[PDB]
């Protein structure tokens, strides 16, 4: 065994080893290992991405106009965000500016994805870590109605409703076919809701499973389908015609009416169902405001997103702010430049890749994706792993750093950056939320805080959907219909050699695509994705990433039941296909 110090942690791999493989209620493809001491406290944590596909290799030699469709298939959960980053990257390289309506529609596509992805995460992925589903069978339906009505104006709250949901669950389990609930952690001492709150949350899990299908109708109108909508370099393909012959062949007033109807319904569900449930989880689980801090009180990163001035990616345009904090100094929000070779770099000394010098980091314009499966001296063998060796290479995930620092990305990171830049709406929302829980601001830097910030952001994004829709309609009233720029669509119009960066804030954090074009073809295409940051393995200094840091120092009630590990990992919304691409 060894022991060393990094980032205020003591990393010690003596003592009992626990393995969690598979991690479930994520997209898939993660392994986690920890060591625990005699006091059932985590003293070492190991994050491993267990798949790889190689999109950066597949993109070589492709037409730049096609790239968005290939990289969209990095992920069907965060569907669309890689297409957006791609068209941004290719437009930056070639020198294309899109019409205002194309930028507005792209912002609608991104806000739609934030609402859908955040809502499904809260209920279908994270919810069963906090709600004891089998304990819902013990609730009194009238007391459940009274609880729900004390928290929200949402209409669906009758005693008869909660009894009907409870009886559906009772029937489901009475044949002994428990399905997704089989062999769960039910009755664990960390389940703290009363039976009435379990029944309320389970009813809401079912309501959200049904409602989420409606949100993505916005993607179907502008992008054809969800999952995996369509886009173009130069704007969007969804031509608009409101008052001319042939409007039946285009985005017309009836299509816009459908979009408006979905926006209103989406805002209502998020504000009256998800927001009060997130606050209720907080009220009943306040100790989790001090568990899972990790890097969130040290180093956080946002690129920024939602340019409101078309083709302007600067500070005055981006509606979701960008910036970086290091060394715990939230009084110094630093500017980020994605072209600077000293800022974003990726290391592979602890990952399954080859570099000419694995002791140094490479900026993505100098990036290399040369896969090399070499797990070294594992317990077991190379095709039957019992324990990864975290002193050597242990993941398909590269290790990104910012100026050499390990960073956390995602909803909590963005909330902290916006709060400390002085964004008025963020400051008001956070202050009101923490006041309601009677918790200090530092309570947001935690596993519970990640969940609260995600709910905050779903509400924010639902409000921005209306804002962008109104902006689109204002242009149409003024006779401004354009959706595509095509003066640089043909390859003969491009520079012989050029490079560009496309960046945004995906639901899980800071996303960048770096592209180089030569002689009409993709010469290099490198992606650094939010879960690549958070699920990162170690670097040559032994610095740990956001998941490994957030698991450090966690108490476990029952070592064989990983509920506390699941709570903290799920709070980041891991997307492992994204992380490895």
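Positions refer to the first chain, counted from 1.
Just going by the entry, 122 to 130 versus 432 to 440 on mean CA temperature factor gives the higher value to 432 to 440.
A summary of the deposited B-factors shows that, of 68 to 76 and 141 to 149, the stretch with the larger mean C-alpha value is 141 to 149. Looking only at 237, 234, 194, 304, the residue with the top Cα B factor in the deposited structure is 194. Taking the PDB entry at face value, the top CA B factor among 500, 341, 449, 367 belongs to 341. Split the chain's modelled residues into thirds by C-alpha temperature factor. Residue 563 is in the middle one. Residue 246 sits in the middle third of its chain by CA B factor, as recorded in the PDB entry. In the deposited entry, the Cα temperature factor of residue 354 sits in the middle third of values across the chain's modelled residues. Among all modelled residues in its chain, residue 61 ranks in the middle third by Cα B-factor. Residue-level temperature factors show residue 422 in the highest third of its chain, judged at the C-alpha atom.
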